[PDB]
Every structure is written in structure tokens, then in C-alpha cells.
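Colleague: Quick one: the structure is below, and I'll ask about it shortly.
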Amino acid sequence: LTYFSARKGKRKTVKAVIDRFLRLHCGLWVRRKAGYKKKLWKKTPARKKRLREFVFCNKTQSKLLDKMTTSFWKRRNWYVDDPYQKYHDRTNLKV
Amino acid sequence: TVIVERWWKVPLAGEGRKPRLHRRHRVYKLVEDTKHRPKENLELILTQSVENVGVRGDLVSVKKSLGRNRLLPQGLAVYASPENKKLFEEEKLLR
Amino acid sequence: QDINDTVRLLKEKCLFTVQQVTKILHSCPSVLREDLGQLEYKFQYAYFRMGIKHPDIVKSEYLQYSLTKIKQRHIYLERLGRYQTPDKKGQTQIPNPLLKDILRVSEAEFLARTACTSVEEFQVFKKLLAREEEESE
Amino acid sequence: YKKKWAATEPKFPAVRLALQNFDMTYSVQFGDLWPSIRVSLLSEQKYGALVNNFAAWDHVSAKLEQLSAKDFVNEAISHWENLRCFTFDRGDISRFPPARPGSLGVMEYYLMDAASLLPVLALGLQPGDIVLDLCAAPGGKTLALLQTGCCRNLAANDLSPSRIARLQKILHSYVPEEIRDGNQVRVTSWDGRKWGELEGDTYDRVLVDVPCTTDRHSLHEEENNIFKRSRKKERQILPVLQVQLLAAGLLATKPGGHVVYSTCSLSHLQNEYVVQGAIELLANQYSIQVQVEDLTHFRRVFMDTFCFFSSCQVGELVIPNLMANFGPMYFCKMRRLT
Amino acid sequence: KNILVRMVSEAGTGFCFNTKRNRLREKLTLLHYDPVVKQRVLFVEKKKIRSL
Amino acid sequence: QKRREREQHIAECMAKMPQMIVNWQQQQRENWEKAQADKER
RNA sequence: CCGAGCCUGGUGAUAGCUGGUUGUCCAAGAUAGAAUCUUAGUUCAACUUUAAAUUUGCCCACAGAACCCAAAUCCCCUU
RNA sequence: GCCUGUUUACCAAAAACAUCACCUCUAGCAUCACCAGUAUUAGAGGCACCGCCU
RNA sequence: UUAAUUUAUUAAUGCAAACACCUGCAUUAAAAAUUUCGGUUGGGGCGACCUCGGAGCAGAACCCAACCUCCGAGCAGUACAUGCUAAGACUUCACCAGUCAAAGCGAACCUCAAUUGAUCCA
Ligand SMILES: [Mg+2]
Ligand SMILES: [Mg+2]
Ligand SMILES: [Mg+2]
Ligand SMILES: [Mg+2]
Ligand SMILES: [Mg+2]
Ligand SMILES: [Mg+2]
Ligand SMILES: [Mg+2]
Ligand SMILES: [Mg+2]
Ligand SMILES: [Mg+2]
């Protein structure tokens with residue numbers, strides 16, 4: 001990515017990341033499973049159900065996405081009826 | 001006339017500022033060439049009797065070529081401006 | 001424009017000399033009526049697949065004959081093994097029959113002297129080749 | 001490695017290589033007939049429609065007859081003094097409509113080379129005969145045998161699992177599962193050469209359709225062409241493998257049982273020398289005597305539909321002609337006397 | 001071979017699902033569970049999605 | 001309007017559905033019977 | 001010093017390649033693999049370092065881990 | 001290799017390039033080359049004098 | 001160069017615009033321009049291989065290379081609840097992907113080695 005933009009000197013965001021991943025404010029990154037729209041006719045129902053799910057990212061993948069996105073995408077968003085409002089925070093987490 | 005359109009949208013410049021263009025803003029696509037448009041007619045007020053068009057003081061839609069090549073240069077017709085229309089209206093009502 | 005484009009096809013896209021082009025126009029006037037594209041296909045069929053050079057194509061009125069007849073007879077002989085496209089060196093295992101022996105002669109003489117087969121077989125092959133051309137198109 | 005060579009052999013398509021070989025050999029073999037055979041091989045192949053006896057055979061036969069195809073097998077039986085395969089008249093190039101599933105859920109007919117049916121007809125499957133198909137696994141002859149009355153079981157073997165799968169699929173499409181369920185049909189992916197040891201003096205009727213140059217397919221299909229340079233070793237060793245397979249089939253067949261050796265090629269080497277070498281090897285190494293049956297009456301009976309190479313010593317050779325593009329097909333019938 | 005075909009609910013719902021049938025076989029009519037109607041209903045082949 | 005059009009179309013289809021299912025099943029059964037009759041010959 | 005002149009400028013071109021990378025002292029510290037127009041490189045994993053949290057880590061007694069057709073290993077309370 | 005000549009200035013002077021001769025192709029024409037020319041001309045190209053056969 | 005991408009440039013035509021030239025748009029050539037020329041193996045060739053699965057090597061949890069030994073797959077058949085959901089687990093040594101699945105709703109009262117292909121874009 002661009003660590004210093006030529007016009008502002010700021011760090012830029014890889015919009016390919018924004019187009020693909022959702023960041024929960026807790027720090028978790030959500031994604032769709034690759035191939036969830038491909039050749040479903042040859043996939044079993046269990047496989048299709050697995051593919052149709054929203055999946056969290058690794059620690060290292062989350063760190064990579066955090067580096068690739070700027071602080072604007074890592075803020076609190078109080079949207080009206082966000083389906084992920086509950087998921088935006090962790091509960092009963094021990095270490 | 002050749003009418004062209006940018007392939008790449010130019011970022012907004014502001015109110016008093018002038019847009020800043022780049023190499024990609026010099027790429028154009030031809031949206032239309034006016035010379036290929038269907039021909040329209042020119043409105044003229046005849047001043048002298050002319051074959052197959054009119055006699056005098058009658059608004060006529062003539063091919064732009066004829067209007068600009070024969071009638072107007074030779075004085076056989078005048079532009080159908082509001083002033084000419086008024087003048088020929090007085091001419092008509094004075095008869 | 002029609003005449004000029006016919007001549008231009010014969011010259012630039014067929015590499016016929018000026019004298020050759022005049023002789024072609026003199027000997028095969030039907031070329032002018034024949035549409036472009038088809039004429040180029042006929043010429044290239046003679047040149048590459050049949051290995052006939054410009055002097056021969058002009059001396060024998062090859063462009064006179066129809067592409068259907070040309071393909072019928074030539075492909076019949078080729079599959080029979082009588083004809084053989086000249087190789088890169090321009091050499092053939094057996095000398096090929098002459099264009100006059102292929103096209104000018106009547107159907108019966110072509111089948112007897114050169115192909116050495118039966119009219120029934122030739123008719124079957126003609127129908128098969130027509131079907132193959134239609135399917136190719 | 002050496003990159004820059006002095007002269008690289010010209011890159012030939014396998015089709016053109018096969019044409020070169022077939023010219024240089026069959027021209028000598030057949031003299032003046034080679035032109036006609038060459039044009040027939042390079043022309044379209046004439047197909048026959050074998051009506052699936054299991055399906056509405058009468059209805060499909062009526063539909064084909066309306067399509068103006070006649071049952072060459074029926075007319076042959078007419079002057080011979082259970083199979084039905086319709087073919088068009090001599091010289092006709094009409095194509096049979098693609099076969100479709102019938103009311104019974106099985107394909108109405110199989111579009112196969114008519115010449116490929118002659119080996120099965122010559123095999124003469126008596127009612128309730130135990131049958132072997134040593135390597136015949138393209139379909140065709142196998143389906144014809146099953147439609148025949150070999151109710152005492154048929155063992156179809158091949159060394160190619162892909163062709164075994166193809167056989168299984170055609171059997172699913174054509175032969176009813178009720179017929180295929182029992183040991184009536186046993187499909188195997190084993191080597192025919194080992195078959196002499198696996199079973200001996202077991203089958204009353206055997207069909208050995210050895211791998212061959214498959215001249216027409218070699219001339220047409222570029223893929224997996226036997227005449228490509230990489231497969232030179234296989235092409236060279238083909239005669240030995242064919243002899244081994246025919247010997248295995250002869251060992252398997254019961255004493256007094258009948259075998260038919262079939263080949264889709266014109267090669268004298270791959271047909272007549274193969275059968276003769278198999279006879280000699282069987283009579284020497286294993287001391288078993290085999291007598292070649294006379295198929296001349298078969299030739300005369302089926303001459304109206306197929307053109308036969310008259311100058312043949314052992315067996316029969318359907319040669320492809322333009323009037324009847326059904327060949328090539330060599331088939332030799334051999335009864336194991338001892 | 002087989003062709004992938006789109007069976008469409010005959011219940012008037014826009015529900016559709018893809019099945020496989022032999023190309024040579026007749027067009028397909030088939031009972032299938034319709035989630036919107038919450039009931040098994042007839043589905044009729046509409047169009048060939050692709051060949052396989 | 002769209003919701004009610006969808007609902008009434010679904011209602012008509014559902015009203016016709018049992019008869020359609022019965023007819024299709026009867027057609028399948030009669031086709032099988034015709035196949036058995038052909039086998040009988 | 002021409003398979004495409006020379007000078008200046010873009011230009012601090014680029015180089016997964018070569019070379020170099022300058023005070024003292026102590027401490028921990030070495031290779032499971034996968035993917036890659038990739039095997040002269042890089043991303044992940046593995047290993048390694050640092051800081052922090054709390055709690056079992058290793059060694060390991062029985063018992064236990066397959067039919068077809070050996071050395072050992074895994075799991076493992078005690079210690 | 002016809003010949004006289006030409007060539008890799010600074011590793012090759014040659015059988016290589018050119019060469020008269022012969023052959024192929026293109027062009028019906030003027031005011032800046034071709035050309036102040038016009039088919040026995042001009043341009044592009046091959047090959048290599050001449051002579052002999054088929 | 002019959003490698004890919006172009007025809008910006010010229011030469012032709014065609015259609016427009018004007019009443020042959022000029023301009024715009026097309027088509028065909030000439031001429032060029034930009035860029036590339038994968039990988040692992042094979043010295044006496046005329047190539048082989050690249051992804052997935054089973055077996056031995058690797059005998060007994062797992063893991064194990066090869067320019068090692070063999071064998072195979074790029075489907076087919078059935079069914080149309082082959083629907084929806086969901087604890088907990090496995091995982092080809094990463095990730096991606098791939099597996100199994102209690103319970104529940106709703107219904108009745110898939111198989112076996114592999115049989116495949118991400119994103120973007122249509
Ligand atoms: Mg502002
Ligand atoms: Mg540098
Ligand atoms: Mg230390
Ligand atoms: Mg000299
Ligand atoms: Mg000298
Ligand atoms: Mg020198
Ligand atoms: Mg000098
Ligand atoms: Mg010197
Ligand atoms: Mg894992």
C-alpha cells in the first residue's frame with residue numbers, strides 16, 4: 001500500500017480490502033467463503049451451507065487487514081439497524 | 001463539429017479553482033459528429049418572386065444550402081428575424 | 001470500383017503480374033462477375049492446396065471453372081492419392097496430373113483417364129463433399 | 001542437454017504420419033484397390049442402427065424402415081440357406097437420427113459401424129452359450145452379444161478402466177438392470193494375456209478384438225493416435241500383444257469351442273500373420289490344435305451390403321468402399337479342435 | 001451427456017432450482033419442496049442452463 | 001398491489017395444485033402401464 | 001569504444017544480482033512444510049526473540065490404538 | 001571466382017560485394033530528385049562476361 | 001515472423017458533410033510501434049511431465065522425497081426434503097479450500113478413491 005500519499009502524506013487504504021471484509025470494532029474481521037457463488041449445482045447441501053456463512057479471520061490475517069486499512073475504518077459506527085451491532089463487541093472473553 | 005467526452009471522470013475542482021488534468025484526462029471518446037446529424041431547414045422571408053418557393057413576404061423553410069448560397073447572397077430573401085417579420089407584417093396589412 | 005477492386009485483388013492479393021492480369025481478364029471474363037472473396041479462395045486453392053504457380057494458373061484457364069467443380073475433382077483425386085500437394089521444396093512423389101487433365105476434360109474422361117474410378121463412386125463423393133462443406137459452413 | 005541441433009525432423013501431425021504409413025504399406029498390399037480404400041477411409045463413415053432388442057424393437061425397426069433403412073442382417077438371413085441392424089442402401093449417405101431413450105427407459109438403438117457387427121454374427125452364439133470378450137470394450141460387439149441369447153453369462157474384460165467405464169455406461173443406457181444384475185454380465189478391468197491362466201477351457205464362444213491401428217480412427221482423430229512418434233514402441237510391439245491376446249483367448253475357449261479374432265485395420269501383418277502366429281504358438285508351446293473355419297459362405301451372404309477383399313487367405317476382410325463405408329473389419333473364426 | 005436445467009415452481013412462486021437430466025430425455029416435470037409455499041409442488045423445466 | 005398480486009397468483013396456483021399433482025402422477029402410472037403392456041406384447 | 005552516435009535532462013532509472021554496511025559489554029538464539037512465470041526471491045506456517053496473563057508442560061504404570069495380508073511410535077496416572 | 005575494381009579504419013582482402021552481359025517486375029508522364037528526362041526511357045530486383053546445348 | 005495487441009501514420013476505396021479538394025466515420029492493405037518468449041527433467045534427440053486419488057518405499061498414532069515402483073480421475077447412476085437450521089469436532093502440515101455432525105424446524109414412516117478451478121469480470 002501507500003505508506004505516504006504524494007498529495008497529503010497520509011497512509012492510504014487498500015479499497016480491495018474494504019470491498020471484501022467487514023471489521024468488527026472489537027478487532028475481528030468477517031468475510032465470505034470463497035466460491036460460495038460458484039458451481040453450486042455440483043456442491044452438496046452441507047458444503048453449500050458451509051460456504052454461505054460469514055467467517056472470522058486469523059490473527060495474522062486480521063493484522064494484515066488492519067495494516068492495509070486506515071483508522072477511519074477502525075471506528076465506532078452507530079448505524080441505525082446494523083445487523084452486526086451486537087457482534088461489534090466481545091463478551092465474557094478471558095485472555 | 002466533433003463532440004467528445006472524457007473516458008476518465010475529472011475530480012471536482014471547487015468553486016474558484018480550476019480543474020487539474022492529467023494524462024488520462026486527455027483520452028476522449030467521440031459522442032457525436034454534428035456533420036452527420038440529419039439536415040434541418042432554415043426559415044427565410046422572401047423579398048422577390050422565386051420559382052417553386054414563394055413570391056414575397058412569405059416565411060419558407062428552405063434547405064440551408066440554398067438559403068445560404070442563392071437566396072440570401074443575392075438578396076432574394078432575408079433572415080426571418082422578428083424585425084423582418086414585423087416589417088413584412090406592416091407591408092402586408094398596408095395592402 | 002467493382003472493376004478496380006477485382007483488378008486490385010488479382011494484383012496485390014494474388015501477386016499476378018500486369019500482363020498476367022490482362023491475360024486473365026481476356027481469357028476468363030466471368031472473373032469480373034465473380035464476387036471478391038470467392039475469387040481469392042479459388043486462387044489460393046490453386047496456389048497452396050494444389051501447388052499451381054501463377055504462370056500455370058494463367059496459361060490454363062483455371063479461374064474459368066467453378067469452385068464447386070474444382071474442389072470436387074481435386075479433393076476426389078487427392079483422397080484417391082492421385083494428386084499430392086507439393087511439399088516445402090515444391091516436390092511430389094509422383095508427378096501430378098495436369099490442370100487441363102483435371103478441369104477441362106469432361107466428367108467421364110476425368111473419371112476414366114485420371115481418377116480411374118466409377119461414376120457411382122464419384123456421385124457418392126460429390127454428395128459427401130457437399131454435406132461436408134455445408135457442415136463446415 | 002543439446003539445444004541447437006543440426007536438423008530437426010519435420011513436425012508431422014499423427015494423422016499425416018498414419019497416412020504416410022498406410023500409403024507405403026496398403027498401396028503394396030492392395031494394388032489398384034488402395035485408391036478406393038483411401039478415399040473411403042478419408043470420407044465419412046457409414047453407420048448402422050442396431051435396434052436394442054430390450055427396447056420396443058418392433059417399433060424402432062418400423063421407424064427406421066420408414067426412414068428407409070433396411071435390415072442387412074435380416075436380408076442376409078433370408079438367403080443364409082438374433083440381431084437387427086438397419087443400414088441405408090448402397091450409395092446412400094443418409095445419417096440415422098440420433099438415438100434417444102425409449103418408453104422403457106433404454107436407448108432405442110445404437111449407432112455403430114455395421115462391419116463391427118459381422119464378427120458377432122459369425123461367432124454364431126447358440127442359445128445359452130457362455131461367452132467371453134477378451135478385450136472388446138468399445139461397446140458395439142459387446143452390446144450385440146448381450147442382445148444375442150448368451151444367457152449362460154458373458155465375461156467382458158479390458159485392460160483400460162476408461163473403456164470399462166464406457167462399457168458400463170452404455171450397458172446402463174441400453175441393457176436393462178434386470179438382465180445385467182446376475183452373473184449374466186461380468187465386466188472386468190484385467191489383462192487378457194493373464195486370462196489363459198485365470199480361466200482355461202471355460203468359454204464356448206470367445207471374441208478377441210485385439211487393440212490395433214484402428215485405421216479410420218487413426219486417420220481421423222489426432223488425439224491418442226497410435227501413429228504418433230511417442231507411441232512408436234507400442235505400435236511396433238502391437239503384433240506380439242495381439243498374438244498373446246489371441247493365444248489367451250484360444251486357451252480360454254473350451255475344446256470344440258469357437259473364437260473370433262477381430263481387428264479394425266487393413267494390415268496383413270496385424271491380421272493374417274497374427275492369427276497364424278497365434279495358431280503356431282498355441283500348437284507348439286501349449287500343444288493345442290485350432291482349425292480355421294471357412295467364412296466364404298459368410299462373405300457371399302453379406303457381399304450385398306459389404307465389399308470384401310477377395311484375396312484373403314485366412315478370415316474375412318471388409319474393406320471400406322465409397323458405396324459402403326462400413327469397413328475396415330478383419331474377422332477370423334477358429335474352432336479349437338483339441 | 002447431461003444438461004443442467006432450471007426447474008421452476010408451478011405454484012406461481014419465483015422459486016427455482018437446478019437439476020441434471022440427459023439431453024435426449026424428455027423435458028422434466030418433478031415434485032419438489034417449495035420453501036415459500038412450504039409444501040411439495042410440481043416443478044417444470046423452463047430452460048437449459050448449460051450442458052455437462 | 002404487487003404483494004396482493006403475488007398472493008392471489010399463489011392462491012390460484014395452490015388451488016389448481018392438487019389436481020395437477022394427481023394428473024401428473026396418473027400420467028406417470030399410465031406410462032408405466034403402457035410400458036408393461038408393450039413388454040407383454 | 002555503432003545490432004545503432006554523442007551531450008544534457010527525466011535520473012539518486014531499475015536491479016530478486018555483486019560488493020560494502022563504521023563505539024564497548026552482556027544475554028536469548030539455527031532450519032518439519034505449503035504456495036508461487038516458482039525453486040538466486042517472496043507470503044504463510046515451523047523455529048527464534050521480547051513483554052504480559054494463568055496453569056499445567058515434559059518424563060511418563062497399567063489399560064488402550066486392524067483386518068486385509070522390526071527397532072519403535074501414540075495415549076498415559078505416579079514420579 | 002569471368003576479367004579491372006570493392007569490403008569488415010583497428011585480428012578475415014577472399015571463393016563474399018560489385019562488375020559488363022542476360023533476365024524479372026513496375027511506370028503513358030513534366031517545372032526542386034527521377035528530369036529540365038519520356039518505353040531503344042526511368043526505377044526496383046536477380047544473376048553474373050562471352051560461347052555451347054537441350 | 002502465420003507470437004499477442006494496435007492502425008495512431010500513410011495508400012486505397014465506401015458512407016456521410018460540402019456542393020475534384022477538405023473534414024468525420026468505417027473497411028482493406030502497406031508500413032511500422034509496444035511487449036513477451038513459463039517451469040522441472042533429457043548430452044548422441046525428433047521429447048516427457050505440471051492438477052487430484054489408491055498402494056509400496058513409509059511393516060505398528062500422524063507425517064513423510066524421488067529427474068522412484070505400480071495403478072488410476074477429470075465421470076456416471078439415483079433422487080428431487082439431494083430442504084432449512086445448528087452444538088461439537090476433523091483438516092493434507094500455513095492460508096485459501098476441503099470434511100463429519102448431535103439437537104431442532106419441516107418432512108417421510110444420495111454412492112465411491114479422486115471425478116475438479118479462487119478473485120475480478122460477463
Ligand atoms: Mg474545499
Ligand atoms: Mg539502485
Ligand atoms: Mg549465549
Ligand atoms: Mg575476382
Ligand atoms: Mg584485383
Ligand atoms: Mg580488418
Ligand atoms: Mg579499406
Ligand atoms: Mg588483413
Ligand atoms: Mg491444518
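Note that we place each Cβ from the backbone using ideal geometry, even for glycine, and neighbour counts take in every protein chain shown. Basis: the model, the stated rules and, where named, an outside source; nothing here is a laboratory result.
Colleague: Here is a list: D:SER311, D:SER287. Which entry is under 20 Å from D:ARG38 (Cα atoms) and of a type outside the set (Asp, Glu)?
Modeller: D:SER311 is the lone residue from the list that is under 20 Å from D:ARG38 (Cα atoms) and of a type outside the set (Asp, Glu).
Colleague: Another question about this same structure. When the residues of the stretch B:19-55 are filtered to those that are among the hydroxyl-bearing types (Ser, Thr, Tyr) and outside any strand (DSSP E or B), which remaining residue is surrounded by the most Cβ atoms within 10 Å (Cβ to Cβ)?
Modeller: Ranking the candidates gives B:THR47 first.
Colleague: Looking only at helices (runs of 4 or more DSSP H) that fall completely inside the stretch D:1-106, which ones have 2 or more residues that are of a type in the set (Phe, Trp, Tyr) and not assigned by CATH to the domain that holds D:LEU317?
Modeller: The qualifying helices (runs of 4 or more DSSP H) are D:14-30.
Colleague: Given (1) loosely packed, with under 14 Cβ neighbours inside 10 Å; (2) over 17 Å from F:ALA15 (Cα atoms); (3) within 11 Å of chain F (Cβ to nearest Cβ), where does E:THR29 come up short, assuming only one miss?
Modeller: All conditions are met except number (1).
Colleague: Those residues that are touching a strand residue (DSSP E or B) at 6+ places or on another chain (Cβ under 8 Å) and on the phi > 0 side of the Ramachandran plot, I need them from the stretch D:102-132; list them, please.
Modeller: D:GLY124
Colleague: Consider the stretch C:14-29. How many of its residues are closer than 9 Å to C:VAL58 by Cβ and more than 9 Å from RNA strand H (Cβ to nearest atom)?
Modeller: Total satisfying the criteria: 3.
Colleague: Continuing with the same structure: For the stretch E:10-18, does any single residue satisfy the condition of being farther than 22 Å from A:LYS43 by Cβ, within 11 Å of another protein chain (Cβ to nearest Cβ), among the hydroxyl-bearing types (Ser, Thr, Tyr) and assigned to a loop (DSSP other than H, G, I, E, B)?
Modeller: Within the stretch E:10-18 (the criterion being farther than 22 Å from A:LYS43 by Cβ, within 11 Å of another protein chain (Cβ to nearest Cβ), among the hydroxyl-bearing types (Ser, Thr, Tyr) and assigned to a loop (DSSP other than H, G, I, E, B)), the answer is yes, since at least one residue qualifies.
Colleague: Which residues, counting only those in the stretch A:35-72, are more than 16 Å from RNA strand G (Cβ to nearest atom), charged (D, E, K, R) and assigned to a helix (DSSP H, G or I)?
Modeller: Residues satisfying the conditions are A:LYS42, A:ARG47, A:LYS48, A:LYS49, A:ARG50.
Colleague: Of all residues in the stretch A:68-95, how many are surrounded by 13 or more Cβ atoms within 10 Å (Cβ to Cβ) and within 16 Å of RNA strand I (Cβ to nearest atom)?
Modeller: Number satisfying all stated conditions: 3.
Colleague: Filter the stretch C:1-53 down to the residues that are part of a helix (DSSP H, G or I) and among the hydroxyl-bearing types (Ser, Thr, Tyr), then identify the one that is farthest from C:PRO95 (Cα to Cα).
Modeller: Checked the stretch C:1-53; the qualifying residue farthest from C:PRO95 (Cα to Cα) is C:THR6.
Colleague: Let me ask you something else. Could you count how many residues in the stretch D:147-190 are of a type outside the set (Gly, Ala, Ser), under 26 Å from D:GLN244 (Cβ atoms) and assigned to a helix (DSSP H, G or I)?
Modeller: Residues that pass the stated criteria total 6.
Colleague: In the stretch F:22-41, is there at least one residue being touching a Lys or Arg at 6+ places or on another chain (Cβ under 9 Å) and within 17 Å of E:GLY12 (Cβ to Cβ)?
Modeller: No, every residue in the stretch F:22-41 fails to be touching a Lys or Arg at 6+ places or on another chain (Cβ under 9 Å) and within 17 Å of E:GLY12 (Cβ to Cβ).
Colleague: Of the residues F:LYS34, F:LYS2, F:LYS16, which single one is away from chain E (no Cβ under 11 Å) and surrounded by 10 or more Cβ atoms within 10 Å (Cβ to Cβ)?
Modeller: So the residue among F:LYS34, F:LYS2, F:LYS16 that is away from chain E (no Cβ under 11 Å) and surrounded by 10 or more Cβ atoms within 10 Å (Cβ to Cβ) is F:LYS34.
Colleague: Looking for something more than 7 Å from RNA strand I (Cβ to nearest atom) and either over 30 Å from E:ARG50 (Cα atoms) or more than 14 Å from every other protein chain (Cβ to nearest Cβ) (or both) - is there at least one such residue anywhere in the stretch A:33-46?
Modeller: Scanning the stretch A:33-46 turns up no residue that is more than 7 Å from RNA strand I (Cβ to nearest atom) and either over 30 Å from E:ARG50 (Cα atoms) or more than 14 Å from every other protein chain (Cβ to nearest Cβ) (or both).
Colleague: Among the listed residues D:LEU238, D:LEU337, identify the single one that is more than 14 Å from chain C (Cβ to nearest Cβ), buried (at least 19 other Cβ atoms within 10 Å of the Cβ) and over 19 Å from D:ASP113 (Cβ atoms).
Modeller: None of the other options fit; the residue is D:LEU238.
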